[PDB]
Each structure stands twice: as structure tokens, then as C-alpha cells.
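Colleague: Got a structure here, written out as C-alpha cells. Questions coming.
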Amino acid sequence: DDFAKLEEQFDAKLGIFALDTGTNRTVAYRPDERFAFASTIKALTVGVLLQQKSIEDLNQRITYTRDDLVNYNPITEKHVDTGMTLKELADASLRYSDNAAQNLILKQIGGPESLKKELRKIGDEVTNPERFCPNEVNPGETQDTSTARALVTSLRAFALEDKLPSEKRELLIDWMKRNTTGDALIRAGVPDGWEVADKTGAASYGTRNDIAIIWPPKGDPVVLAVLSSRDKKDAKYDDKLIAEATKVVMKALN
Ligand SMILES: *C(=O)[C@@H](NC(=O)/C(=N\OC)c1csc(N)n1)[C@@H]1N=C(C(=O)O)C(=C)CS1
Ligand SMILES: CC(=O)c1ccc2cc(N(C)C)ccc2c1
């Protein structure tokens, strides 16, 4: 099988789940195996934020300090002086994977415990938010992990089904469509011209993730999660694994 070949080729473990929402055909490989979700959780966090707040309430200015800056703060490091609105924080979190922005958003929705509660409410019993900035340690722990199947199901719930009213659904989808961080991942494995909404993640042990909604020109979208990890803490990743895995998925569905 082509997925086993890629694990071999890239010295990594792959978790794959894809759902064609038109046919209900699926493509699965280790679909229920846990991986650190890393920044992919930002998408679900905004889904919860959008459930909590009116669109107008997203204009609430959030102030923060240099103390709130963490490992990677591409947008938030530029606005300590003014703060940023919740809307601008959601834009930073989703389109740049600004870690500080995610932290600020999580703080506003009541932290990981509160995020976990709201995910459970949409039917997600697997995803396990435990900490702000989900933190190295060891593989095996279920804290800050999910599965390809659960991330697909939760992303679909927010973005395409009924967990958000349509105007808020529109905001989430648009931010994800205009992601700047996933050019070499799922987007690189999809046919040209086909619109993609995605959120990437990356983490130690060579963890490299992308979750996405992919629209054919015409017809119902596919929802895909491609998760990966490696056995060494210091191992880096290769984006090409995710792109190639996506090509395998598209071939199996198309
Ligand atoms: C999201 O995944 C986030 N990742 C991290 O901050 C890291 N771990 O999170 C548990 C991390 C960065 S470097 C390292 N060894 N671990 C931000 N997301 C992306 C992304 O592409 O989405 C990054 C590339 C890094 S920073
Ligand atoms: C945002 C944050 O609090 C945080 C904390 C510890 C981290 C450790 C890392 N490695 C050991 C690689 C990487 C990112 C990290 C981010």
C-alpha cells in the first residue's frame, strides 16, 4: 500500500482520514491512532470562539504584554502597543499560526478545560486539550492529542455542518482558505484551481500535520486530515510527506 511506502520513504508514521461529503467514500490509514494535534487545534478553537461570541463582539480589543508573547508571534509581536481585536487574533492564529494569538483566544474562551467541554458538546470525545501551547515531553500520553478521524469529524461539524450559523461558518472557512502556512502540504497534493481551506501544525518528534477542506470545481467537498510523527525528539519533518499522502488520498477518491 502507498501509505506504508511513504512511512518507509520518510522515516515517519502517518495518520490519514478523508471523507468525500458527496459520496461518503472514505480513505483511512491509522485513522484512530493518536498524534499530537499541534496547531491544528487553532481551527477548532476559533470554531468554539465563533460559537461563544456575536460577530460584533469579535471587535472587542484585547490588550496584552510582551509576557504574553511565546515561541512564535509573527503578528502579535507587532501590536503589543495597541493590543488586537478578537477578530484580528483569530486571523493571526489561523492564517499565520501565531501562537500568542491562540493563547489569547483560549484565555478568552476559558482555557483548555473550557475548549475541551465545548468539543465534547459537538460530539468529539477524542480530542484532548490540556494545556495552552500543547510542550515536548514524551509520546504515548494522550494529552494534547487527537486522531485523523476526530479532527475531520470536528472540522466538518464547525465548517460545513450545523455547529455554527452560516455567517460565522463563512468567517472560519475564509480564514482557512487564506492560510499562509500550508502551501507545501495538502495544497501541494490537490489539483490546481481547486479551493482549499487548511490549518497546519508542527511539533518535535518530527510532528507535521495539516487538516483541510478541499472543494472540487463543482460538487461536495472532501475533508482530510494528514497527521505524521517520527520517533526521535529532535527529528525534523518533510512537508513533501503530507503533499504525497494527499495525492494518494485524492487518487483513491477520484
Ligand atoms: C503549531 O503547530 C505551532 N507549533 C509549535 O509551536 C510547536 N509545537 O507545538 C506543540 C513547535 C514549533 S517548533 C517545535 N519543535 N515545536 C506553530 N505552527 C506551525 C505551523 O506551521 O502551523 C509551525 C511551523 C510552528 S509554530
Ligand atoms: C509556546 C510555548 O509555551 C512553548 C513551550 C515549550 C516549547 C518547546 C519546544 N521544543 C522543546 C522544541 C518548542 C516549542 C515550545 C513552545
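Residue numbers start at 1 in each chain; chains themselves are named A, B, ... in the order of the C-alpha cells; ligands are numbered from 1 in the order shown.
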Please write out the residues within 7 Å of ligand 2 as a list in words, counting only C-alpha atoms and all ligand atoms.
Modeller: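 The neighbouring residues of ligand 2 are, in order, residues 70, 71, 99, 133, 135, 136, 203 and 204 of chain A.
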Colleague: Using only C-alpha atoms, which protein or nucleic acid residues come within 9 Å of residue 247 of chain A? Drop anything in the same chain fewer than 5 positions from it, and give the result as number ranges by chain.
Modeller: A: 186, 188-191, 242, 252
Colleague: Quick one: write out the picked residues with N, CA, C and O atoms as a compact mmCIF listing (two decimals), in the first residue's frame?
Modeller:
```txt
# COMPACT_ATOMS: atom_id res chain seq x y z
N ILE A 186 -1.10 19.94 2.16
CA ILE A 186 -2.29 19.44 1.44
C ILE A 186 -2.50 20.20 0.12
O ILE A 186 -2.86 19.61 -0.90
N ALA A 188 -0.41 21.30 -1.91
CA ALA A 188 0.54 20.83 -2.93
C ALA A 188 0.18 19.45 -3.51
O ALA A 188 0.80 18.99 -4.48
N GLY A 189 -0.83 18.82 -2.93
CA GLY A 189 -1.26 17.48 -3.33
C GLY A 189 -2.63 17.48 -3.98
O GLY A 189 -3.17 16.42 -4.28
N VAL A 190 -3.18 18.66 -4.20
CA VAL A 190 -4.55 18.82 -4.70
C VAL A 190 -4.48 19.35 -6.15
O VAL A 190 -3.56 20.07 -6.48
N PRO A 191 -5.45 18.99 -7.01
CA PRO A 191 -5.38 19.55 -8.37
C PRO A 191 -5.43 21.08 -8.43
O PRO A 191 -6.14 21.70 -7.63
N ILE A 242 3.39 15.05 3.46
CA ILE A 242 1.97 15.44 3.52
C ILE A 242 1.38 15.67 2.14
O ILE A 242 0.24 15.28 1.86
N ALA A 252 -7.20 7.76 -4.59
CA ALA A 252 -8.11 6.76 -4.04
C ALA A 252 -9.59 7.19 -4.05
O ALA A 252 -10.47 6.33 -4.07
```
Colleague: Fewer than 3 positions away in the same chain doesn't count, so skip those; otherwise give me all residues within 10 Å of segment 207-210 of chain A, counting only C-alpha atoms, as a PyMOL selection string.
Modeller: chain A and resi 12-15+35-40+148+181-182+185-187+198-204+224-231+233+235-239+241-243+246
Colleague: Those same residues, written as a compact mmCIF listing (two decimals), in the first residue's frame with N, CA and C atoms?
Modeller:
```txt
# COMPACT_ATOMS: atom_id res chain seq x y z
N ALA A 12 8.81 7.92 9.04
CA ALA A 12 7.75 8.55 9.82
C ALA A 12 6.53 7.65 9.95
N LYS A 13 5.63 8.04 10.85
CA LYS A 13 4.33 7.42 11.00
C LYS A 13 3.26 8.39 10.47
N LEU A 14 2.29 7.85 9.75
CA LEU A 14 1.23 8.61 9.08
C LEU A 14 -0.16 8.25 9.66
N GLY A 15 -1.00 9.26 9.85
CA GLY A 15 -2.39 9.07 10.27
C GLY A 15 -3.23 9.79 9.25
N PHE A 35 -2.11 11.33 17.65
CA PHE A 35 -0.94 12.15 17.35
C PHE A 35 -1.15 13.44 18.09
N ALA A 36 -0.05 14.10 18.47
CA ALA A 36 -0.13 15.48 18.95
C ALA A 36 -0.82 16.31 17.86
N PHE A 37 -1.84 17.07 18.24
CA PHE A 37 -2.58 17.82 17.22
C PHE A 37 -1.85 19.08 16.82
N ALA A 38 -1.00 19.58 17.73
CA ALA A 38 -0.20 20.79 17.49
C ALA A 38 -1.13 21.92 17.05
N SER A 39 -0.72 22.75 16.08
CA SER A 39 -1.51 23.97 15.79
C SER A 39 -2.83 23.74 15.08
N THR A 40 -3.11 22.49 14.70
CA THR A 40 -4.40 22.21 14.04
C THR A 40 -5.57 22.52 14.97
N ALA A 148 -6.83 11.48 13.29
CA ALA A 148 -7.24 11.97 11.98
C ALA A 148 -8.77 11.93 11.82
N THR A 181 0.35 29.30 5.66
CA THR A 181 1.35 28.35 6.19
C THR A 181 1.39 26.93 5.59
N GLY A 182 0.48 26.62 4.66
CA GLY A 182 0.30 25.24 4.16
C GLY A 182 0.52 25.05 2.67
N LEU A 185 1.93 21.59 1.72
CA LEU A 185 1.30 20.45 2.37
C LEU A 185 0.08 19.98 1.55
N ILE A 186 -1.10 19.94 2.16
CA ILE A 186 -2.29 19.44 1.44
C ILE A 186 -2.50 20.20 0.12
N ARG A 187 -2.27 21.51 0.13
CA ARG A 187 -2.46 22.31 -1.08
C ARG A 187 -1.59 21.82 -2.23
N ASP A 198 -7.27 25.19 4.89
CA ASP A 198 -6.46 24.30 5.77
C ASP A 198 -5.90 24.99 7.03
N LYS A 199 -5.43 24.17 7.98
CA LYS A 199 -4.67 24.62 9.16
C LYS A 199 -3.58 23.57 9.40
N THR A 200 -2.36 24.06 9.52
CA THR A 200 -1.16 23.24 9.65
C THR A 200 -0.80 23.07 11.12
N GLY A 201 0.02 22.16 11.32
CA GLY A 201 0.65 22.13 12.61
C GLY A 201 2.03 21.52 12.46
N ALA A 202 2.84 21.75 13.46
CA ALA A 202 4.16 21.22 13.51
C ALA A 202 4.56 21.14 14.94
N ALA A 203 5.38 20.10 15.29
CA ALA A 203 5.84 19.86 16.62
C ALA A 203 6.95 18.81 16.67
N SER A 204 7.85 18.64 17.60
CA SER A 204 9.10 17.87 17.88
C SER A 204 8.81 16.38 17.84
N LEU A 224 -10.18 16.27 5.02
CA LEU A 224 -8.99 15.44 5.09
C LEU A 224 -8.19 15.86 6.31
N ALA A 225 -7.66 14.87 7.03
CA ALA A 225 -6.62 15.13 7.99
C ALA A 225 -5.44 14.22 7.65
N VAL A 226 -4.25 14.83 7.58
CA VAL A 226 -2.98 14.13 7.39
C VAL A 226 -2.07 14.49 8.56
N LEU A 227 -1.81 13.49 9.40
CA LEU A 227 -1.03 13.66 10.59
C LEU A 227 0.22 12.78 10.45
N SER A 228 1.31 13.22 11.04
CA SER A 228 2.55 12.45 10.97
C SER A 228 3.46 12.73 12.16
N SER A 229 4.28 11.74 12.51
CA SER A 229 5.28 11.91 13.55
C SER A 229 6.46 10.96 13.30
N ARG A 230 7.54 11.21 14.02
CA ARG A 230 8.76 10.44 13.92
C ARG A 230 9.22 10.04 15.33
N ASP A 231 10.12 9.07 15.45
CA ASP A 231 10.42 8.53 16.79
C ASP A 231 11.43 9.30 17.64
N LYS A 233 12.89 12.85 19.29
CA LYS A 233 12.52 14.20 19.74
C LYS A 233 13.07 15.33 18.85
N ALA A 235 14.04 15.03 15.65
CA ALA A 235 13.77 14.79 14.24
C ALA A 235 13.00 15.96 13.66
N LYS A 236 13.42 16.40 12.48
CA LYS A 236 12.68 17.42 11.75
C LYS A 236 11.68 16.71 10.84
N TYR A 237 10.91 17.46 10.07
CA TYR A 237 9.92 16.82 9.22
C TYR A 237 10.19 17.17 7.77
N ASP A 238 9.44 16.54 6.88
CA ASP A 238 9.48 16.89 5.48
C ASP A 238 8.04 17.07 4.99
N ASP A 239 7.69 18.31 4.65
CA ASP A 239 6.39 18.72 4.07
C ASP A 239 5.94 17.84 2.92
N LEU A 241 6.06 14.76 2.62
CA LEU A 241 5.29 13.60 3.10
C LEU A 241 3.79 13.87 3.00
N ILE A 242 3.39 15.05 3.46
CA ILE A 242 1.97 15.44 3.52
C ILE A 242 1.38 15.67 2.14
N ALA A 243 2.14 16.34 1.28
CA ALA A 243 1.76 16.54 -0.12
C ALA A 243 1.55 15.21 -0.85
N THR A 246 -1.44 13.33 0.41
CA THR A 246 -2.65 13.94 -0.13
C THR A 246 -2.91 13.44 -1.56
```
Colleague: Can you work out which one of A:123, A:112, A:134, A:216 has the shortest atom-to-atom distance to ligand 1, counting only C-alpha atoms and all ligand atoms?
Modeller: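 For ligand 1, the nearest of the candidates is A:134.
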Colleague: Excluding residue 54 of chain A and its own-chain neighbours fewer than 4 positions away, which residues fall within 9 Å of it when counting only C-alpha atoms? Please give them as a PyMOL selection string.
Modeller: chain A and resi 50+58+168
